[PDB]
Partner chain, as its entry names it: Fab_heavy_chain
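Next up: just one chain, as C-alpha cells, the form deposited without its partner chain.
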C-alpha cells in the first residue's frame, strides 16, 4: 500500500533489479535495472503516483540530496504494459545550492515502455529519473 519505497543501489558490477507496483492487480509497475561500480551502497527511493483518470501514473526514482557516487555501467527504468508520455534522466538533482542537471541528449533513450542508457555514450552518473506514463 505505500506509494514510496526505499531500495539499495548496490555496487560490485552485477546486474540488479528493483521494482514496485501499486493499484488493483498491480496495474502500475515500475522496474529499475542497473549495474554499477563504487565503494558503498546508496539508499534510493522509488515513488509511484496515480491520477484521477485511472490511467496516468508517474514513476520517480531518485537518490535523496541529488548526488550519487556510483559509476553506472547500465540502467533501465521500465513501465511494462504502459506508454511513456514524458521522461527525463538527470546526472545530478537540485538540492541546496545545486541545480538539476539533465543527462545529455546522447546519453539515454526513451522508448514506449523504458528510459535506458545508451551504450558507449552514457557518462555513468545518475541520480534521478522521472517518468509520466499512461496504463
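Numbering follows the first chain given and starts at 1.
If you average the C-alpha B-factors over 89-97 and over 104-112, the higher value belongs to 89-97.
Relative to its counterpart among 45-53 and 62-70, 45-53 has the higher mean temperature factor, C-alpha atoms as listed in the PDB entry. Among all modelled residues in its chain, residue 130 ranks in the middle third by Cα B-factor. Ranked within its chain, residue 22 lands in the highest third, by CA B factor from the PDB record.
Below, we turn to the form deposited with its partner chain bound, even though it does not appear here.
Using a 4.5 angstroms threshold between heavy atoms, residue 74 stays clear of its partner chain in the bound PDB entry. Of the heavy atoms in residue 123, none are within 4.5 Å of its partner chain in the bound PDB entry. Among heavy atoms of residue 105, none comes within 4.5 Å of its partner chain in the bound PDB entry. Residue contact check for residue 118: none of its heavy atoms lie within 4.5 Å of its partner chain in the bound PDB entry.
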